[PDB]
Every structure is written in structure tokens, then in C-alpha cells.
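These numbers come from the heavy atoms of this one structure, side chains and all, not from hydrogens, waters or symmetry mates. Below, chain A is the first sequence line, B the second, and so on; all start at residue 1.
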Amino acid sequence: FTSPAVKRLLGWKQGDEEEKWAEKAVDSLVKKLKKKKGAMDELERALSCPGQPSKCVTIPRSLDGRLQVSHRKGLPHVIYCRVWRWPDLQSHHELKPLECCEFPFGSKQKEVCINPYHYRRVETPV
Amino acid sequence: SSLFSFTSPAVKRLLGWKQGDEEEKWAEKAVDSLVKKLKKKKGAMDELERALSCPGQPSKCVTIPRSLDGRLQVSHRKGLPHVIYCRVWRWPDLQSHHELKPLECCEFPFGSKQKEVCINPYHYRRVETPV
DNA sequence: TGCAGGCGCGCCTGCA
DNA sequence: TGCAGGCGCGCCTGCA
DNA sequence: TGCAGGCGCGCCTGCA
DNA sequence: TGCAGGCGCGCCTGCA
Ligand SMILES: [Zn+2]
Ligand SMILES: [Zn+2]
């Protein structure tokens, strides 16, 4: 679609503070996943082919569930579903776990699955 | 390839799967709108690429026609074109035209009330909004 | 050469 | 007086 | 009673 | 071995 001149000019475009923050959040996750054998590999498979079923990609759970990245807090399944699937995701009230997920946020286990393809988008209850 | 600007190859790979929000998608539409205008003028696209490639070197005016209210519409959104393109390539948090002043180098600054308005982001400086 | 659809500038109203 | 947004006629392209 | 944000102690790395 | 600074989870308050 896009012409080669437009792509060239877009490379000079400045990313806003939310885009800069999302890079910080991705880096935070990579430091965690690099420590687990196969984790970075499993996530990349999930992201590359959305139509094919993938395994859980989990991180440790905090007491309130929230994760802090560069002075901002959020729920990690919301954080990474915003990054790779729905940038306009409102809250956790808009997400539901698929049957394949063994560590979904809400299951109250030691680890929480952050694989964006283990959750589906729903309507927030009235 | 810097100290602070550096992203690791793993982060770079994962970031390629990142979805851009509705403002980023809009900014691509705005850039495309400008390229259809500049491709019609001899040397215009070239001067724009020059301006953005080397910010330290002086560039010439890169102008587009001016509308009656000054506003430009791109994909159902309106704004002032010098604000629009200064947000794209220089300051994403730019509030309004009140935060902008033209440099003496600019022959066609917004507010000069001329047929054409300069959209070269390096022909404007960021200032404090008057109270 | 007739349709058919998409979108922006110039118009309009509605606030404060 | 200034902004801010909404919508249509006149423009445009894309077919056959 | 759920969010939301602010900040410090305990952790960590990077020097010499 | 010592310092020096950076940042996050667990704490805290402030609303409705
Ligand atoms: Zn899962
Ligand atoms: Zn100029």
C-alpha cells in the first residue's frame, strides 16, 4: 500500500510518551523471560502465527496483581494485550481467558500468563 | 547503536509485532496526505527529507496551500498544518499553535497571511503558551 | 462514457 | 471572538 | 470497598 | 570491600 517515500519520512517520526513506555514494558518482560528455558521462544511463536495454538508464557504474580514499569503500574495481561493486540483496551473488565490457558489472571496462582492470544476481548459489564 | 537510545535485538523483534494506537495510524494518514501535495512540486519532497535527515543544516521552506480558516482536514480530523507536522517530527505533546514561534529563516510562516504556508518543522521553535 | 463511492474545504451551529 | 466539530457539493478515482 | 497513585527499604548493578 | 545510585513490590493515603 504505503509508498517507499512515506515509509522513509515516517522513520523520522517521534513516538509519544506511551510508545516510549511500551518499549520499556517489553524490555522488562524480556529480562524475565530470558531467565526461563523456551519462554522467549514460545512467546515469539504465539505472536508470529496468531491462528496456531500456543502454550502459556507466565511471569510471577505480585500481592495486588499489579506490575510496575518505569514508575507506572498496571495489570500485566492488560499491559501486553495493549502492546500486541488492542491499543484501546480499557481495563481487565474487557478481557476473558480462553480454555487453553492454565495461568490466566484471576485463577489466583503463583504465575500469571501474559500470552495475548490466551485472552479474548469482551464488552465491559454495565 | 547508543547508550540510552539502544534497543536490544530481542526487544526490536518483539516491538515489530506491536500495534500502533489510533493517533499513530492517523499520523501515517497525515504524512501520506502531505506527500500527495509535495510530489506535485519540483524539489519539495527532497527539501523535506533534507530538513529531517540533518536538523543541524539550514533548509528551505516546504509549503502547502492555505485554506480560508487555516485548518487542514485529514481522514475526518481538523488541525493547523504547522502544528500537525511539528507534532509528527518534533514534539508529540505539542498543545496548540500558541506553543510555536517562526524562526527568521522562514519566508512563509503561519500567520504571515500568504497563499502558501510552510510546514517544515525546523522553521518553527517551541515556546511557552501565554497566560 | 455512465455510474458509483470516498473525502476535504467551506459552510453551519453550539457553546463559553 | 475563539474555538470546536458536523455534514454536504464538488471534486476525485476506479471500473466496465 | 475498589481503584489510583506516591514513596521508601531491600534489592540490584557498576565501578575503583 | 566500600561506596554510589537506580528501580520495583509492598506499603501507605485519598477518595467515591
Ligand atoms: Zn496462558
Ligand atoms: Zn519556512
* To do: Just jot down the side-chain contact (heavy atoms from CB on, under 4.5 Å) partners of B/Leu103, sequence neighbours excluded, or say none.
  => B/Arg125

* To do: May I ask you to decide if A/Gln109's main-chain N or O and A/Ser107's side chain share a donor-acceptor pair within less than 3.5 Å?
  => no

* **Results of side-chain contact (heavy atoms from CB on, under 4.5 Å) for B/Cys54 - residues two or more places apart only** => B/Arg50, B/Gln57

* Side chains of B/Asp32 and A/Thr2, donor plus acceptor under 3.5 Å -> no

* Asked: For DNA chain E, what residues of residues 75-91 of chain A have any heavy atom nearer than 4.0 Å?
  -> none

* To do: Using the test side-chain hydrogen bond (donor to acceptor under 3.5 Å, both in side chains), find all partners of A/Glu19 that sit at least two apart in sequence or belong to another chain.
  => none

* Structure fact -> Here the distance between atom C1' of E/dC11 and atom NZ of A/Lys32, to the nearest Å, is 13 Å

* **Stretch residues 17-26 of chain A: residues that reach within less than 4.0 Å of DNA chain E through a heavy atom** => none

* For B/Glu49, all residues meeting salt bridge (charged side-chain N to carboxylate O under 4.0 Å, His left out), sequence neighbours excluded -> A/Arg8

* Nearest-Å distance, NE2 (B/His98) to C1' (D/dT1)? -> 12 Å

* Inspect the contact between A/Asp16 and A/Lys20 and indicate whether a charged nitrogen and a carboxylate oxygen are less than 4.0 angstrom apart. => no

List every contact pair, protein side and nucleotides 5-10 of chain E side both N or O, where the distance is under 3.5 Å.
residue	atom	partner	partner atom	Å
E/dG5	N7	A/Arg66	NH1	3.0
E/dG5	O6	A/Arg66	NH2	3.2
E/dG6	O6	A/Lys73	NZ	2.8

* Non-hydrogen side-chain atoms of B/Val117 and B/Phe108 separated by less than 4.5 Å -> no

* To do: Give me the one residue out of B/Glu47, B/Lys41, B/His123 that meets side-chain contact (heavy atoms from CB on, under 4.5 Å) with B/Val62.
  => B/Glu47

* Asked: What residues form a side-chain contact (heavy atoms from CB on, under 4.5 Å) with B/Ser53, not counting sequence neighbours?
  -> A/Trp12

* Partner residues of A/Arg121 under the side-chain contact (heavy atoms from CB on, under 4.5 Å) criterion, sequence neighbours left out -> A/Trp86, A/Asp88, A/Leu89, A/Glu94

* Partner of A/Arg85 under side-chain contact (heavy atoms from CB on, under 4.5 Å), chosen from A/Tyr80, A/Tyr117, A/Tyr119 -> A/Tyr117

* To do: Just grab all the side chain to side chain donor-acceptor pair (under 3.5 Å) pairs involving residues 66-77 of chain A, residues at least two apart or on different chains.
  => A/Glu18-A/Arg72, A/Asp64-A/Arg66

* DNA chain E base-pair string [pairs: Watson-Crick or G-U under 3.5 Å; |: paired with another strand] -> .||||||||||||||.

